Every structure is written in C-alpha cells, then in structure tokens.
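A.B. asks: Got a sequence here, can you build the structure:
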Amino acid sequence: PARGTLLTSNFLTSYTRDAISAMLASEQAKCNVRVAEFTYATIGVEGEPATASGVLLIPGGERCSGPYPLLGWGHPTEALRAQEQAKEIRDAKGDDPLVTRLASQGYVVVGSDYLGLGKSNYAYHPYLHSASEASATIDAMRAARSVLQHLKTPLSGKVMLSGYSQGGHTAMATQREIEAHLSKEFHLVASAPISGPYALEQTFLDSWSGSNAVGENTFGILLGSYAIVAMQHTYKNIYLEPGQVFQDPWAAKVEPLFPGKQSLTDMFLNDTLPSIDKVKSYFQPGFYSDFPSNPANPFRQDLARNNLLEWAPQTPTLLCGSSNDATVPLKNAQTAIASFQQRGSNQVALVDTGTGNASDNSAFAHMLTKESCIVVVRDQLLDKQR
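C.D. replies: Numbers count the residues shown, from 1 in each chain. Here you go, the structure:
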C-alpha cells in the first residue's frame, strides 16, 4: 500500500462538551469530542513498507462548526510496546489535555503511536529518529484525512504541529520535513514544539554526568538507554553486542526493555535500571568516557544526524518549555533559535513557563510543561493562526 493508506478505522468513545467542562472545572469546552483510532500503511527507517496506529480526536457541536484546522501531535517517550494513545485516552475517561484543551476548542487532533508501538508491525521503536518520527506522523495525518473525508468532516486545509518531550522532537522533525518536501500537501500555518531536545547531541553531552546546569537528570538512565538501543537498531553502528556499552547485568535486559512489557514509569518506580547517581557503574568505562570526548563516537554520530538545528524554519513557530526543566533544558530552544536566526529565519520564538526561581529547578518540572505549554501555545500561536 502507498504511504498513508488507511487500513482500519473505528470510533472508541465520545465526550460531551459539558462532560469536558466538568473535568476542566476540577475553563469551558466549546466542543464535544469524538475519539477514533486507526491503523495505516507507512514506511520503515529504510523506506520499506510498514504499518502503524494512531488516534484521531474529532470536535463537533453547534458552537463548534468547522472547517477545522488539522493538528498533528507527537506523544512523549513510550517504552510500553503495546501502548495505544487512543485507548489510553479512553481509559483515562477523556482526561487528557489533547481532549480537554485542544479538541474541545475545535482542533482536529491526529497523533501517530510511532513505528514499533501500538499496533505497528515494526520490531523496535526508532526513538528520537527524526526521519521516521516525521514519516509516521505525516502518514498518520494522511490516513486521518481519509477517515475525515469518509465522515465528511469539514477541514479548513490549514495544518499545525505540536508535541511534548520526545513529541517536541517529532513535531519539529515533521515541520522540517513538511517544509522541505510536502508543503503543498500540508499547508502548515503553525508549529509549537514543547520541551523537545532539538539540540539532541548537545543535550546528551550537557547531561552526561547525570546533571546539567539546571539540575539532576533523574530520568537519564532510562531515556539515555532507550536512545542508545534505538539508535543501534536504526543505524547498527554502535555495538556488536549490548555488553560493549552497558555493564552487567543491565546489558542483557536493555534491548528487551526498549520497547517492551514495561512502561517508563514501571521501570522508574521499580528500579529495573539503576538511579542516575549510579551512572558510572551502569555504562562500560570505555564507552562512558569515549562518548563526550569523541565526536566520531557512533552513538554521538547517530545523535548528530538527528539534531534539528541546521535549517531555516518558514512556518511561524513557538517553542515552549520551562527554565526549571532539568530533563530537557530550555537551552535546547535557545540553541535552536540561535541556529535558525544565523540561517536567516526569524519565524521562531520561545515562551518560558518557568517560575524564574532556581529552587524550582527539577527533572520533574518537565511533566508540568505539558498542559501548561499546551494552553500557552494554543492561546499565543495556534488560535491566531487558525
């Protein structure tokens, strides 16, 4: 099947505007929100045929007529292979910012579960791989449009992009790809990456010790390990066997974990992998010291290929994050904007949702930027570009 071909489609549930307003009251929803799930044809990292799943949020109601803008969404790090966004939203009774803050305000939201997750046939998940993060997202939007055409849902034709954490990386990766090769098919009017590692290589370097200028990179063992295993599957240039990078007993468990039968929270709460303070006993000495002192290091080269700095964004873009974030330093956005401007682009701006107090600096501030940034971005950029 051609990229973007719809394979299966189906409605899961529905939330009335009043039901959503009730949740928010825990300000007011304008739309009822229907949740649908689908699977579609896309490509692998080598351009080979593959499949993936995704979620589709459809707004509707009297004070919520279309034509609706199409918002492509990038979800955060997911280590549980079987996780499907559509079903998680359903299990949470619609209590998710995608429903309560975006679809509820008239934005058709589409998000891919990514290659290797949900109903995808892929053997692994290309974590932080720009090319397939973009391809999976683009093809999800393509399949979603077919679903919407069948439902006769009126679309304005204007497209937007957003995402949180790893999702911010995929949002920008998708923006870059659309701008370079698919702008006629996707009329991009706004992009709002949230707390993403755009300066991917720099982010790993700055937090390699376990801490950065902001604070302790508490979730680093898990996220860093996911990236290494994924880059190995994608580029196959890091190691012949896990033990060359990871010390025992971790070496034997890392690959089956990313992705696997455990969620990132499961791993963190049960210490399937050691805490950040035990980083030196986690990674093999040679690899641990080689990574930062050798730009030719294979893992480093793989991260470099996935940086999103050397290009000139054309779409109005608002990078959001928190200055208190120690997981993904806001430095990322600063570095990104500096690169873009040097390249002749002044389409990108940034908004800081931090407190300004360093005492609030924490790895956990990362999670607080999801909803906070979604609202700010919606109000300051998306609504104006609709």
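
A.B. asks: quick one: the helices in the stretch 51-200 of the chain?
C.D. replies: Using DSSP state H, counting those that start in this stretch, the helices of the stretch 51-200 of the chain run over 85-91, 97, 130-150, 166-181, 200-206.

A.B. asks: Correction: the previous question concerned the stretch 201-350 of the chain.
C.D. replies: Taking DSSP H, counting those that start in this stretch, the helices of the stretch 201-350 of the chain run over residues 220-235, 250-257, 264-270, 285-293, 298-305, 331-342.

A.B. asks: In the fifth one, which of the residues would be classed as buried?
C.D. replies: Within helix 298-305, the residues scored as buried using 16 or more other Cβ atoms under 10 Å are 298, 299, 300, 301, 302, 303. Backbone N, C-alpha and C define where each C-beta goes, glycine included.

A.B. asks: list the contacts for the third one?
C.D. replies: It stands for residue 300. Neighbour list for residue 300: 201, 204, 291, 294 [criterion: Cβ atoms under 8 Å, 6 or more residues apart in numbering].

A.B. asks: Specify which member of those residues is nearest to residue 113.
C.D. replies: Proximity to residue 113 was ranked across the contacts of residue 300 by Cβ to Cβ; first place goes to residue 204, at 24.8 Å.

A.B. asks: From residue 385, how far out is that closest one?
C.D. replies: Plainly put, residue 204 is 33 Å away from residue 385 if you go by Cβ to Cβ, to the nearest Å.

A.B. asks: Ok, residue 357 next?
C.D. replies: Taken as Cβ to Cβ, the spacing of residue 357 relative to residue 385 amounts to 32 Å.

A.B. asks: Which of those two has more residues huddled nearby?
C.D. replies: Neighbours per residue, other Cβ atoms under 10 Å: of residue 357 and residue 385, the larger number sits with residue 385, 16 against 9.

A.B. asks: Not counting sequence-adjacent ones, nearest residue to that one?
C.D. replies: residue 190 (3.9 Å; Cβ to Cβ, 6 or more residues apart in numbering).

A.B. asks: shouldn't that neighbour be in contact with residue 347?
C.D. replies: No: shown here, residue 190 and residue 347 do not form a contact pair, counting by Cβ atoms under 8 Å, at 10.3 Å.

A.B. asks: Now whatever helix or strand residue 368 lives in - C-alpha only, PDB.
C.D. replies: Counting by DSSP states H and E, the element that carries residue 368 is helix 365-377. Listed next in PDB are the C-alpha coordinates belonging to helix 365-377 (Å, rounded to 0.1, in the frame of the first residue of the first chain):
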ATOM      1  CA  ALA A 365       9.300  20.200  36.100                       C
ATOM      2  CA  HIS A 366       9.400  18.600  32.700                       C
ATOM      3  CA  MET A 367       6.000  16.900  33.100                       C
ATOM      4  CA  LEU A 368       4.400  20.200  34.300                       C
ATOM      5  CA  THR A 369       5.200  21.800  30.900                       C
ATOM      6  CA  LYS A 370       2.800  19.500  29.000                       C
ATOM      7  CA  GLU A 371      -0.500  21.100  29.900                       C
ATOM      8  CA  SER A 372       0.900  24.500  30.900                       C
ATOM      9  CA  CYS A 373       2.600  24.800  27.500                       C
ATOM     10  CA  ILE A 374      -0.300  23.400  25.600                       C
ATOM     11  CA  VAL A 375      -2.600  26.200  26.900                       C
ATOM     12  CA  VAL A 376       0.000  28.900  26.400                       C
ATOM     13  CA  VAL A 377       0.800  27.700  22.800                       C
END
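
A.B. asks: Thanks again, I'm all set now.
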